[PDB]
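A quick write-up on the structure given underneath.
Values below: every heavy atom of this structure, side chains too, minus hydrogens, waters and symmetry copies. Naming: A, B, ... by sequence-line order, numbering from 1 per chain.
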Amino acid sequence: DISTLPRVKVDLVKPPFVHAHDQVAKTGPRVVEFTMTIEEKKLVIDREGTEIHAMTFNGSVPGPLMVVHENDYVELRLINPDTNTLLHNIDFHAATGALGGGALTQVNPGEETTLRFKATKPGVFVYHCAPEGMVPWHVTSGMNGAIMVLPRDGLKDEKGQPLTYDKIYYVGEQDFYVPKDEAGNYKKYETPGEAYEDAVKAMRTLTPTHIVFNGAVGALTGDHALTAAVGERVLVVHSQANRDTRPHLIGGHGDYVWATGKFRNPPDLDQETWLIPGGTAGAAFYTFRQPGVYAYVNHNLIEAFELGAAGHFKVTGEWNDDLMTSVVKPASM
Amino acid sequence: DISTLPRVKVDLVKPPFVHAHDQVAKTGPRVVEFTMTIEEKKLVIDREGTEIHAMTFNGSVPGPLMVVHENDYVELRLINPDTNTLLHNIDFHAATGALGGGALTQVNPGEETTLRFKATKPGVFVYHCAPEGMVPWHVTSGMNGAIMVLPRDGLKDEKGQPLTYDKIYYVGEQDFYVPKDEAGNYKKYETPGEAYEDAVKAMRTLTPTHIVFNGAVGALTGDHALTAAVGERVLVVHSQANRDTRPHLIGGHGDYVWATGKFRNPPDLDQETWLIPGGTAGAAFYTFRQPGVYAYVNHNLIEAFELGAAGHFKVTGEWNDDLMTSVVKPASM
Amino acid sequence: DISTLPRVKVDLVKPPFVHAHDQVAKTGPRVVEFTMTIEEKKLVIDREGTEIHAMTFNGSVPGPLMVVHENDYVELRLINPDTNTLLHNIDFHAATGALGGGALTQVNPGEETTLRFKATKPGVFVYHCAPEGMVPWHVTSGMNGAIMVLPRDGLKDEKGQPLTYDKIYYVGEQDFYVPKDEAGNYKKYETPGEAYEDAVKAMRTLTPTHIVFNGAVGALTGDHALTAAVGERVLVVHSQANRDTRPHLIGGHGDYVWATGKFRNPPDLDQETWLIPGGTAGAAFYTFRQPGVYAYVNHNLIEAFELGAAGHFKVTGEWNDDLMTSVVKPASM
Ligand SMILES: [Cu+2]
Ligand SMILES: [Cu+2]
Ligand SMILES: [Cu+2]
Ligand SMILES: [Cu+2]
Ligand SMILES: [Cu+2]
Ligand SMILES: [Cu+2]
């Protein structure tokens, strides 16, 4: 009887940050309540000022990361304010039935709905908008995110021993297909509906114009770099709702990787690079051993360094010469 | 001494259906006899009437699914009627030696051949035509299929306990590269040989014009939807002979997945989406828990909803509100 | 104290061959010393005479395969002769810190440097040049290779029993993006710097013009075919530093496969085809059972047979009719 379960309301945080949670469950099963507001808005995605009409959950690309435990109930209030123009919905890959909730959550501007589903399978999962006839347009306009369903006893390594993380970040990777004129300049549109027919033609080429982390080229660089300390255990959740990706930590590894993001499976060890298939979320666990700047990339290096799928970590602490040292610094012969 | 083994002749069925078989082997090793007839034919692949010269095993795209058990012998009579124009052959990824049989099965129109091979490795495997100098043309014209080599004791879960399926379907996914004029309209050709030079140029772009299940856009929709009941255990075999795919059941999961299709390996659990590499067959096991319409897609959603890689399941039974319910149906705020 | 460790200098060999090593370590941990010389040179990559300015480690595409054991130290002397024009460096995916050594190894023409790192994780790993601002250009001009870090007790199968190989080959797969004129003819350039701006535009299409093994179309064919004997155990290391690949042995299998190349993980069994993600090295173990010609391909068959990602094995010994036989050779009906 779900009426007699405790309820906890959770306020979401912008990526790459993640709302507060417990790894190991300190309560019985709960109804966990979330509210998300849909926002259609203009987004500048690159240093040249290219602008798209993004379709967002809660104002961000990606949508925020939701965290619950196995056999919790997720209750989502989805609001579509009347300032928007399009019909939207939400499809949870975590959920069972009705097209992941898509068939139950169709909201025109000025409408809201409340969905509940039971989080029966532990893992990280993609969620995304999927309106009939217009699925790829919404998704590739940024309307996707992820939910993490933790095991009630938290994460385990390949030997069934606890893995505890000190920090968690959510990297959502987004392929954009911005229409071009004959010469290759990006077009501008006053309203999403204006862009529709050009968007369809752009998508059909199967060639993204931009691939970005957290909604823009350079979004996770400089002062917006991810941070950690030597000796800190970091979990990086990575989702791609539409297109394959191959994450790599330049200077590091995936010590324990769930490339396809499902925790009943043992992790892969010592990964240099792993493939997250389009429409999947994955998770990688690393203990930092060296300080300095790391780049986190899609290791199609064209996609990373030309199209935008690259971020930085800034790591503090002591340099360890046992692991790596310059024996003879670069010098003329 | 193979002469003293029992023989069983099997009649193949069109995909997505699969010929009758036993999961757990009720006999000793056998010689299992199959006949396939090659058919070159015109195929309408989309709602606009685009026509290609398809090259088929037994008149279908994909070719039918063959089912045997480990250490059976497969004996294939391959017939190339004189109404065809091209040289064909067959390459079994299940088999060992002579380019999977390709070097032994080259048949001009008006010729036949009988190949035998021992099915030494359990799994689902791609088979395809592969004539020297013209391999990708035949394959991407639809000349490929799969064979399932079951373990003699059937399928097992990750703990070594039996998995029995109630229903099995075969989804063959096909990338087509239909040549275009300057404006982007599809060309027509009277004979396959006419299309050759344009096909090569079209293929080199690496950009399919169509990606379809069971040979046409919408082939697995409406009255041709796959069917199951709540509580039924369904195995979905999925092959892609040339290009990577990432299958997803909208509203469901892969409870147990062999993404690369080889049964001596434990399955992956609780998959939302899995990657089947080009040139591989995979298998996914799901128990339906909710009724209604499900979409089975390639979760590059452009490939699914724009290029054709989407099908439907129609599932009967009772709705379970514990798993999912509309708490507040869409309404004005 | 690394000063008191034994030192062994190793001379590298051209791919597809691999320098002499022990599988099971016969000594304690060592400092293993390697020297590589960077060479910018013109390369003919196809039968039509297309020429690129390749950027190489030790004069080859790919760079040579390095072999050490876990917890050895790798000491690399990297030389950039003054006949070169560009700044180069080296990034080891095997190493921890300083962008895999990239931040420590920036050498202008006329400079050298010596890097040391501890090989803490067993596996096959990509290494590549990665100069800030110009990473994909160097990598896709051929400046990448692999290092194998063997477990001290060698390789093990899924049951923890020894796997010993008789032969080892290194296949490096390279995507090239050669700029084209309007009509589709390849351009020539006198100097790498001349080609830069056209290279960037070519890369952005995400469509390779050539995908080759060992630096050229047909490089591993005919008299340069890989060789083995029936009953021989062969390890094939395969790397792709930038783009996904899906290797397949036509006529064979991967008996034991580390698709993502990391040996603390159990291998996948009985693979027909496996996905190596861009930026990864993998390894496949096969025991040859049948003689004759095998093709080793990327099983995107367009990439293999049109763009160049195909090689041959030539295998000697006795034909086994139990595994495969022609029952009725091709004949008129
Ligand atoms: Cu939407
Ligand atoms: Cu989805
Ligand atoms: Cu054929
Ligand atoms: Cu094949
Ligand atoms: Cu370089
Ligand atoms: Cu790298």
Side-chain angles (χ1 to χ4, degrees), chain A residues 2 75 77-79 81-82 91 93-108 110-118 120-123 125-126 128 130 133 135-136 139-140 177 200 203-207 241-244 260-265 275 277-281, chain B residues 158 184 205-209 211 244-255 257 259 266-277 288-295 297-307 310 315 319-333:
Chain A
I2 283 146
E75 194 169 287
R77 188 187 175 214
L78 184 65
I79 305 159
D82 55 26
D91 169 3
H93 288 186
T96 305
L99 306 177
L104 303 184
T105 55
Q106 294 176 70
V107 279
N108 290 291
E111 297 188 324
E112 67 168 84
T113 190
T114 301
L115 178 73
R116 178 162 73 228
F117 72 87
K118 195 179 188 170
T120 61
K121 294 179 183 293
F125 298 83
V126 165
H128 63 83
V135 173
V139 176
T140 63
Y177 302 80
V200 172
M203 285 188 293
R204 281 180 93 87
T205 71
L206 301 181
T207 306
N242 190 64
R243 185 162 161 103
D244 302 333
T260 60
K262 304 307 167 279
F263 298 137
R264 280 188 186 132
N265 303 291
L275 193 290
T280 323
Chain B
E158 79 286 2
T205 71
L206 301 181
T207 306
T209 56
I211 311 175
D244 302 333
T245 180
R246 58 215 55 84
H248 176 90
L249 181 61
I250 303 177
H253 298 91
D255 285 340
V257 179
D268 298 319
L269 270 32
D270 297 331
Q271 300 295 276
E272 67 187 307
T273 302
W274 46 102
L275 193 290
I276 308 175
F288 282 99
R289 300 196 71 197
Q290 295 277 43
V293 175
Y294 295 69
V297 302
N298 172 341
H299 209 296
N300 181 324
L301 301 173
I302 305 163
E303 293 180 3
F305 290 116
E306 300 304 324
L307 299 189
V315 182
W319 180 266
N320 177 348
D321 276 299
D322 186 56
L323 282 179
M324 186 174 282
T325 201
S326 189
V327 182
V328 185
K329 278 194 236 52
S332 202
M333 298 182 269

[X] portion near chain A, given a 4.5 angstrom heavy-atom threshold:
{"X": "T209(B)", "value": "backbone"}
{"X": "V293(B)", "value": "backbone"}
{"X": "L307(B)", "value": "side chain"}
{"X": "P267(B)", "value": "backbone"}

Tell me, do [X] and [Y] make a side-chain contact under 4.5 Å, heavy atoms counted?
{"X": "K121(A)", "Y": "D255(B)", "result": "yes"}
{"X": "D322(B)", "Y": "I2(A)", "result": "yes"}
{"X": "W274(B)", "Y": "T280(A)", "result": "no"}
{"X": "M333(B)", "Y": "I79(A)", "result": "yes"}

In terms of heavy-atom proximity below 4.5 Å to chain B, should [X] be classed as side chain, backbone, both, or neither?
{"X": "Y177(A)", "value": "side chain"}
{"X": "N242(A)", "value": "both"}
{"X": "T207(A)", "value": "neither"}
{"X": "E112(A)", "value": "both"}

Contact leader toward chain A among [options], where contacts are heavy-atom pairs under 4.5 Å:
{"options": "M324(B), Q290(B), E272(B)", "answer": "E272(B)"}
{"options": "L275(B), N298(B), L269(B)", "answer": "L269(B)"}
{"options": "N300(B), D270(B), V327(B), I250(B)", "answer": "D270(B)"}
{"options": "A259(B), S326(B), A295(B)", "answer": "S326(B)"}

If I take atom CD1 from residue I302(B) and atom OG1 from residue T140(A), how far apart are they, to the nearest 0.5 angstrom?
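Result: 5.5 Å between the selected atoms.
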
Hey, what do you get for CG (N320(B)) to NZ (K118(A)), rounding to the nearest 0.5 Å?
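The NZ atom of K118(A) is 8.5 Å from CG of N320(B), to the nearest 0.5 Å.
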
Who wins among [options] for the most heavy-atom pairs under 4.5 Å with chain B?
{"options": "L99(A), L78(A), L104(A)", "value": "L99(A)"}
{"options": "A281(A), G102(A), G278(A)", "value": "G278(A)"}
{"options": "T120(A), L206(A), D82(A)", "value": "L206(A)"}
{"options": "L115(A), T96(A), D91(A)", "value": "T96(A)"}

Going by an N to O cut-off under 4.0 Å, is there a salt bridge joining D244(A) and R246(B)?
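Salt bridge present between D244(A) and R246(B).
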
Is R116(A) salt-bridged to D321(B), cutoff N-O under 4.0 Å?
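Salt bridge flag = no for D321(B) with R116(A).
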
Could you check whether any side-chain N or O of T113(A) sits under 3.5 Å from a backbone N or O of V328(B), counting only pairs where one atom can act as donor and the other as acceptor?
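Confirmed, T113(A) side chain pairs with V328(B) backbone.
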
Are the side chain of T273(B) and the backbone of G279(A) linked by a donor-acceptor contact shorter than 3.5 Å?
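Flag set: sc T273(B) to bb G279(A) pair under 3.5 Å.
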
Candidates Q271(B), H253(B), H299(B) - the one meeting side chain to side chain donor-acceptor pair (under 3.5 Å) with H93(A):
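Result for side chain to side chain donor-acceptor pair (under 3.5 Å) with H93(A): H299(B).
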
